[PDB]
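One chain comes next, on its own, written as structure tokens: the form deposited in one PDB entry.
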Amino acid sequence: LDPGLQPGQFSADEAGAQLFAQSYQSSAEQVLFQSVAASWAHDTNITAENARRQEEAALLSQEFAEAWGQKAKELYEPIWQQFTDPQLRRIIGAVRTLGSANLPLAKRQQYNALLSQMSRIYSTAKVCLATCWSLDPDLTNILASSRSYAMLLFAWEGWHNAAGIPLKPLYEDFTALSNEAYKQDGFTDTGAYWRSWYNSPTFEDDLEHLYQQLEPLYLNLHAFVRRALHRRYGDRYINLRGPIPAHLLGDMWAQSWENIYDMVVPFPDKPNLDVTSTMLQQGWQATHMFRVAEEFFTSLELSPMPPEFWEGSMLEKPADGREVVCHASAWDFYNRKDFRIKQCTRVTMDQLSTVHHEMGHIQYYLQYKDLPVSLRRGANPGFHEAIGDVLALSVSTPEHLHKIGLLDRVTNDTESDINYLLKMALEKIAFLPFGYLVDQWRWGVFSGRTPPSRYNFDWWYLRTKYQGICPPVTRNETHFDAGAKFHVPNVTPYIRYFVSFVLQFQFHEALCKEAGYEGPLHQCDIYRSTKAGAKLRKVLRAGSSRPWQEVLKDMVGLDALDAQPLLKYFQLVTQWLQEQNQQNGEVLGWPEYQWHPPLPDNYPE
């Protein structure tokens, strides 16, 4: 470790810990920068050489964490928990938590190589027929636009086999090393460390209680959509009392159902609220999508994207041969200057939402860039996920789409409302069970309740339990279907997204009220509300300097996650779907839990 970066001397009392914390953060900024820079260099240009440089950058961060962490334990381990300044307790408590830097050097190298190899498997997997399809755009477009059961099945099976199977041995090894590292910091397993970010002793119970409120909305949406699919695919491929085959819902993971809106829209004679075809007819490209998203942010008197963002970002998939990680991402280089998005942008309405999601991450980075590096985080990780989704809620309204030229026809009637709320339910309510289950699966793997011998059995137990889907071909434990979802091999926690899909409606309600809007919540558009912008800016500028419960109280008037704003938003369609399902004599749920569809006659082709 370079001499500039090593801890010096500090007094073993609270006053010395303040000076230690100040000096830690000054050096950490430079270690953060070299780490982000090396991760960026590779994911936009996947080469063996860039992988090696990234592993070397990771090893430097471990050296730094060990040096300062051992210094913190030497001076403050028996006393920091009683320090009077709560912000200091948070920083010292983090520095004493060494993470993978607890691992001896050989195991650090093994850990870092596993993360590199797991990333590469996921982001270079292909499905082959001589010629081969990538996840993004090829398989993504098949799942979204094909209505051929056998083609959808070829893409779904091809992807899950190609990405999952080779990951399993690596994921087993990663899990053990990760647990070994965090156990030395005092956590029972890695999942307990991840959950600690929310600083709530009742986190898991609080989440389960939220899901109990939301589940009836999902069950009714599920039953209605299953009926719509039955009308298209027939009684052989859809069981009206069983789980939906997992490849028919528009998305590789059945996690958003937006793409099947045309099969479920209740009143197709009203305006077509999927504006993709109009974006295509009008010639939108990726740069238009990012500039329109930026202009929403500046309409609120939030910050434009700086030149470094436009000069450095990757906004389309390279067509010059390179392999890149196409999964969208937003980067803080921790130098207060460089902030970038990497997105393999496609010209679609749901991608326009994704652009806003990613720019929300950038806006957060811009607003807290001058805090100490350890406070340059969301008030909790769910806050970071909600920012862009909140703006996108306004952007998707038919009223806003009209303003930006994407929906000529204007209507304000009950049918048009049901159409819009149904479309939003396909995006937001359908996600909730998936958002919830992914880290239930991973928490059980980290705790050892789900050993390798049950990775897929327990995955599909949860997928059926919560989402009411089933795999369309037979799976066994050589399959590793969790590993075919980006966040598993890339070791990105997922419960942040369940939190953010609830939180974003709490934010929407608060901002709409601040903007002076007095209509139905689902028709609010906060565009050009500088008062809403100022209220949002306060959250963004706080970073993680204050407990999330108190930041939330200042913003929305309550100190807890609450499902009521989401329920208020959807109330009209919640009532409508319940009435429709009763009228159609639906079974809510999937009591034929064993059912799986047959194979097509000529399968594989």
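Note that residue numbering begins at 1 and tracks the sequence as displayed. Rigid core (definition): largest C-alpha set, two forms, superposition within 1.5 Å.
- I404 is built in all of the other entries compared, counting only those with both neighbours built, so it is not a gap in a third.
- Compared with other PDB entries of the same protein, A130 is missing from at least a third of those that resolve the residues around it.
- In terms of unmodelled positions of the deposited sequence, the stretch from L129 to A130 in this entry skips 4 to 9 residues.
- Stretches compared: 397-405, 369-377. Higher mean C-alpha B-factor in the entry: 369-377.
- Stretches compared: 269-277, 207-215. Higher mean C-alpha B-factor in the entry: 269-277.
- For the set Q351, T298, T124, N419, the PDB entry puts the maximum C-alpha B factor at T124.
- Between the residues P451, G312, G191, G164, the entry's highest C-alpha temperature factor is the one at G312.
- When the modelled residues of the chain are ordered by C-alpha B-factor, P472 sits in the highest third.
- Remark: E518 belongs to the highest third of its chain, ranked by C-alpha B-factor as recorded.
- The deposited CA B-factor of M151 belongs to the highest third of values across its chain.
- Among the modelled residues of its chain, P318 has a C-alpha B-factor that falls in the highest third, as given in the PDB entry.
- When the modelled residues of the chain are ordered by their C-alpha B factor, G283 lands in the highest third.
Another form exists, deposited in another entry; not displayed. Remarks below refer to it.
- Only one of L88, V324, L214, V264 has its C-alpha shifted by 2 Å or more between the shown form and the other one once the core is superposed, and that residue is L88.
- Taking 2 Å as the criterion, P78 counts as shifted between the shown form and the other one: its C-alpha moves by at least this amount when the rigid core is aligned.
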